[PDB]
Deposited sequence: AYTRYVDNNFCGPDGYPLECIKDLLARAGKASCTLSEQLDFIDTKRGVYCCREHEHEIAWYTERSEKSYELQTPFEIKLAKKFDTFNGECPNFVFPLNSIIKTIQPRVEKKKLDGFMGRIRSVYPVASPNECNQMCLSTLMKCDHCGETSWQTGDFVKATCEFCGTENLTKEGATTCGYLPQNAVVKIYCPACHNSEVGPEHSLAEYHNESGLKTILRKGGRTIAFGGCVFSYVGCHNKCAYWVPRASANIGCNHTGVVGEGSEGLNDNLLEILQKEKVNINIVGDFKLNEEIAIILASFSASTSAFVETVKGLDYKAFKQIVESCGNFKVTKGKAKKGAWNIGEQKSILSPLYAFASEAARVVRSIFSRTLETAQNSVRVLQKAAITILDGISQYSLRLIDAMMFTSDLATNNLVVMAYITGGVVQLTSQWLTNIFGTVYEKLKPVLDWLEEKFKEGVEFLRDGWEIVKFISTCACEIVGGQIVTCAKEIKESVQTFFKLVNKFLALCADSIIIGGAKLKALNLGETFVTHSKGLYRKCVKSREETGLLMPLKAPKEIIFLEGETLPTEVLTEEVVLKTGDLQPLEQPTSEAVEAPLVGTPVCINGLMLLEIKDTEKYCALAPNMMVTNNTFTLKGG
């Protein structure tokens, strides 16, 4: 059984066998340092006659007596210097600074509408698809971004995203929706009805998830509010990764984020990729504000907006060691890019959905694509239109491609109207060609995409064929 260098367990709480040792010795009321000196006299790891409490973690804790040590007393956690091997799961990430804090007793909030909802992610299999990816939600259920379905949380790597100010977690509160109990219930009633597996201690009930320890504050509008009473900080307010496989993931986060300023490095041309779009969304108050923000976006505006927050420095050119290299297309489902803003959640969903393509025409795929996009947000269509037609959008997501590509027949009609002054009968074979191309379904989505960009901001082989047809009239 592995402990830290203060002989507390992997979950941050003291061990029963150590409390019994110190109690028999009459050291229970002593300060932490005196208790540890005693334990060392008993040979530390081998102070128990039935255990070998190998020390895996190095932690710095308050002097508070051992029996009163909790995850809320930790200030620093990292791998123990002489421990050769991989670490077991630990409540906090390694190489992290730990901070600690009805709602008025926690945050300077004027009303619940000023609280921000944290982004909680779990790495797990989606039953609906078979894919394994980072699903976004809370500590009870999460949504699979590929298909939009909800799955119950399972054991695996977990993370909380970048901490917003006044961070809360909003959970469906069955105690309030159950009309027999309703709002104004007692605390005991909430925890008995919620049905989720909390960690019960003499000091209350808490939840350990994604590098934070949450506690219950209160309810509003039949939702329960939890707050990260304790949270890790590995750099730029990121809370790191905990759970199976977290050690490798943390190494990737620490290399990039644990700096005085996080270097955002745009490699090659500045294109509004999925990764850049969500980084900018992180700084937008609302989805509607983001729609206005992305209009006319270029590198300079991106640099100014991102750097204005103080935690980042934006540069461009060649890839650099230790920098946040953006330009090679990487998955947006990661502990990195775990932004908690409203606009960021919409952007993540838009660029992560897939289509159920089965020999369908472009017109059919567009109808399905719009249905998906409308479900995500009523601004999703205006947001995509802005990114595509007032900026320089690039993606390989089929839902976004299907929505835009299906409109090429209307854009072509208007484009030909603008060039030649009206719609001519001689130009019908160009529209008829597109209608036949729509029968290719997925096979034409990339070809149409390039055509839309060509006419949108007015040469690839798909456009050379189309353009040659137009030049016949």
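For this chain, the deposited residues without C-alpha positions form the stretches 1-3, 105-118, 476-490, 506-638, given in sequence order.
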